[PDB]
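A.B. asks: Pasting in a structure now, in structure tokens, and then I'll have a few things to ask.
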Amino acid sequence: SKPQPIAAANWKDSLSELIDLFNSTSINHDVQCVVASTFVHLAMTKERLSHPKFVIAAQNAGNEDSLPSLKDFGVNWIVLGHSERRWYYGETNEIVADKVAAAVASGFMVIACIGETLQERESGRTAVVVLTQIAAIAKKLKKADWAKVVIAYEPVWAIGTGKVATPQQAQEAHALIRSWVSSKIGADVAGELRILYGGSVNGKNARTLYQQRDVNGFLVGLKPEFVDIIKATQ
Amino acid sequence: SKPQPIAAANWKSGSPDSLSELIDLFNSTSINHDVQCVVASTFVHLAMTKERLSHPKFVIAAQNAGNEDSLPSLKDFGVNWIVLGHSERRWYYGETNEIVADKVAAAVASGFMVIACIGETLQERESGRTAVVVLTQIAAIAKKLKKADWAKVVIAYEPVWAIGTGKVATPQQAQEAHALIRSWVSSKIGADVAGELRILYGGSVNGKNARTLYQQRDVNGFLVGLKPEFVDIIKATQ
């Protein structure tokens with residue numbers, strides 16, 4: 001028995017044209033849809049996006065006055081710790097953790113990203129890297145805060161490397177996240193946890209991915225195929 | 001009246017669930033209607049399944065055995081069911097229509113009830129070859145059987161075209177596939193044999209869709225993967 005699925009798209013196609021696509025798409029099942037945008041595009045997304053089942057997220061904001069501004073403006077979701085924040089911008093476990101706690105303290109729903117690299121994965125350090133990204137996050141949170149939290153797992157080892165993830169590998173990475181939250185936080189919190197897959201997902205694979213026990217939806221890039229990704233969430 | 005329904009669960013190696021924990025779930029599930037429940041296991045797990053599974057409405061099956069001495073060993077052991085010709089045997093292990101047909105005959109000869117799997121791929125489906133592919137897979141099997149033999153045979157239609165492709169089968173398509181199997185048995189074997197035949201759906205089935213699938217005129221149960229949801233799959237057989 002699975003919690004409500006999430007379908008979140010990340011903007012790194014024309015924004016407008018995509019927003020019209022979604023505005024005219026019929027989604028008949030229980031799924032929260034998220035469109036995360038950059039600060040330059042926020043105002044045009046909230047202006048234009050009018051789909052009832054869609055909400056708008058901010059990205060990586062980490063300053064309390066800005067967080068407060070966003071909420072005033074009508075943005076309640078935020079995505080943090082995506083792969084490029086950690087490996088290009090140098091956001092560490094602790095910096096992501098603080099960003100999450102501050103987001104949580106101001107009434108945001110949070111999509112926190114975590115994931116390992118090919119180097120990390122090839123030395124057999126998936127579990128220690130992945131469980132340390134979260135322990136850090138968990139260390140800042142109260143048990144009730146978990147209500148406001150979603151996890152995206154990003155198989156960084158698999159983006160731009162020529163390595164391919166199978167649903168089996170997605171499933172296995174998802175289960176360890178679950179186990180840990182379940183032993184350290186609780187089976188109640190664990191049971192209600194939406195763990196999103198932030199790897200390579202298209203129309204040929206979304207179903208298979210979604211059908212795994214521990215996968216609860218997707219964090220992916222903003223493209224026209226997102227619409228098949230949503231559909232796969234049944 | 002439809003014939004007795006069958007709810008068959010297939011164990012695939014490398015699942016996120018534990019065999020034992022699943023057997024316990026089932027052992028403690030109340031099933032109040034007439035339904036034969038099958039748990040199909042691999043050879044390593046067989047012995048644990050006979051020793052542990054004790055629910056009255058459940059039996060155990062073996063998978064893909066094809067050697068006469070082996071089938072006799074299984075029957076002595078207390079196994080009377082077997083599942084053959086599942087999708088992967090046809091695509092990965094090289095089991096053709098004929099090899100599957102021989103496996104069925106030998107299973108039948110030694111007193112087994114037999115769940116023989118059939119179905120087409122997306123490629124076969126998209127070129128409009130469903131019927132010839134599906135009817136050739138069964139014709140192969142039929143050519144080895146006697147009319148009486150059908151008493152021991154159950155067919156599972158596997159929409160291979162719908163597993164791993166992004167394609168989704170509606171209950172309407174499952175009905176249409178199932179009726180062709182029925183028509184053909186009827187015309188070629190007998191209306192008597194046809195009407196008593198269980199034709200299982202071996203596609204993607206969960207709790208939100210088992211009902212809708214089970215109510216289709218030609219659907220007589222399910223051959224699915226061993227998961228906790230199997231319980232709801234059983235319940236969908238009323």
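As shown in the structure tokens, the chain order sets the letters A, B, ...; within each chain, residues go from 1, and ligands are also counted from 1 in the order they appear.
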Per residue of chain A within 9 Å of chain B, record the nearest atom pair and its distance in Å to one decimal, counting only C-alpha atoms, with rows in chain order and ascending residue number, as a tab-separated table.

C.D. replies:
```
residue	atom	partner	partner_atom	distance
A:1	CA	B:229	CA	8.7
A:168	CA	B:14	CA	8.8
A:171	CA	B:16	CA	8.2
A:172	CA	B:16	CA	8.0
A:175	CA	B:16	CA	8.4
A:203	CA	B:166	CA	5.9
A:204	CA	B:166	CA	4.5
A:205	CA	B:166	CA	6.2
A:206	CA	B:166	CA	7.1
A:207	CA	B:166	CA	6.1
A:208	CA	B:164	CA	6.0
A:212	CA	B:16	CA	9.0
A:213	CA	B:16	CA	7.9
A:232	CA	B:166	CA	8.2
```

A.B. asks: Show me, as a VMD selection string, the residues that have an atom within 10 Å of residue 180 of chain B when counting only C-alpha atoms, minus same-chain residues fewer than 5 positions from it.

C.D. replies: chain B and resid 130 to 131 134 to 135 175 185 to 186 218

A.B. asks: Suppose we keep N, CA, C and O atoms; can you now write the selection as a PDB file, in the first residue's frame?

C.D. replies:
```pdb
ATOM      1  N   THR B 130      -0.757 -11.185 -33.501  1.00  0.00           N
ATOM      2  CA  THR B 130      -1.243 -11.796 -32.281  1.00  0.00           C
ATOM      3  C   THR B 130      -1.816 -13.188 -32.451  1.00  0.00           C
ATOM      4  O   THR B 130      -1.351 -14.134 -31.804  1.00  0.00           O
ATOM      5  N   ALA B 131      -2.832 -13.356 -33.283  1.00  0.00           N
ATOM      6  CA  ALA B 131      -3.540 -14.573 -33.516  1.00  0.00           C
ATOM      7  C   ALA B 131      -2.679 -15.723 -33.992  1.00  0.00           C
ATOM      8  O   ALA B 131      -2.747 -16.820 -33.430  1.00  0.00           O
ATOM      9  N   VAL B 134      -0.161 -16.554 -31.193  1.00  0.00           N
ATOM     10  CA  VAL B 134      -0.859 -17.167 -30.060  1.00  0.00           C
ATOM     11  C   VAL B 134      -1.452 -18.502 -30.397  1.00  0.00           C
ATOM     12  O   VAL B 134      -1.239 -19.495 -29.689  1.00  0.00           O
ATOM     13  N   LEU B 135      -2.060 -18.633 -31.595  1.00  0.00           N
ATOM     14  CA  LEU B 135      -2.654 -19.904 -31.991  1.00  0.00           C
ATOM     15  C   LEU B 135      -1.638 -20.933 -32.392  1.00  0.00           C
ATOM     16  O   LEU B 135      -1.825 -22.137 -32.275  1.00  0.00           O
ATOM     17  N   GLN B 175      -9.804  -9.693 -22.445  1.00  0.00           N
ATOM     18  CA  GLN B 175     -10.978 -10.406 -22.893  1.00  0.00           C
ATOM     19  C   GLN B 175     -10.866 -10.900 -24.320  1.00  0.00           C
ATOM     20  O   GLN B 175     -11.127 -12.078 -24.591  1.00  0.00           O
ATOM     21  N   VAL B 185      -9.969 -23.506 -29.008  1.00  0.00           N
ATOM     22  CA  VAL B 185     -10.073 -24.795 -28.291  1.00  0.00           C
ATOM     23  C   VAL B 185     -11.408 -25.474 -28.638  1.00  0.00           C
ATOM     24  O   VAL B 185     -11.451 -26.642 -29.028  1.00  0.00           O
ATOM     25  N   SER B 186     -12.464 -24.708 -28.593  1.00  0.00           N
ATOM     26  CA  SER B 186     -13.799 -25.038 -28.959  1.00  0.00           C
ATOM     27  C   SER B 186     -13.927 -25.673 -30.342  1.00  0.00           C
ATOM     28  O   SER B 186     -14.461 -26.778 -30.468  1.00  0.00           O
ATOM     29  N   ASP B 218     -14.262 -14.446 -20.214  1.00  0.00           N
ATOM     30  CA  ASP B 218     -13.326 -15.520 -20.472  1.00  0.00           C
ATOM     31  C   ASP B 218     -12.152 -15.570 -19.529  1.00  0.00           C
ATOM     32  O   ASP B 218     -11.265 -16.436 -19.710  1.00  0.00           O
TER      33      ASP B 218
END
```

A.B. asks: Nearest to residue 78 of chain A among A:184, A:148, A:46, A:142, with distances taken over only C-alpha atoms: which residue is it?

C.D. replies: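 Of the candidates, the smallest distance to residue 78 of chain A is held by A:148.
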
A.B. asks: Could you write out, as a PyMOL selection string, all the residues of segment 30-214 of chain A that DSSP marks as strand (DSSP E)?

C.D. replies: chain A and resi 32-36+54-59+77-80+109-114+149-153+195-197

A.B. asks: Have a look at atom CA of residue 42 of chain A and atom CA of residue 116 of chain A and let me know their distance in Å, one decimal.

C.D. replies: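 Going from atom CA of residue 42 of chain A over to atom CA of residue 116 of chain A covers 29.2 Å.
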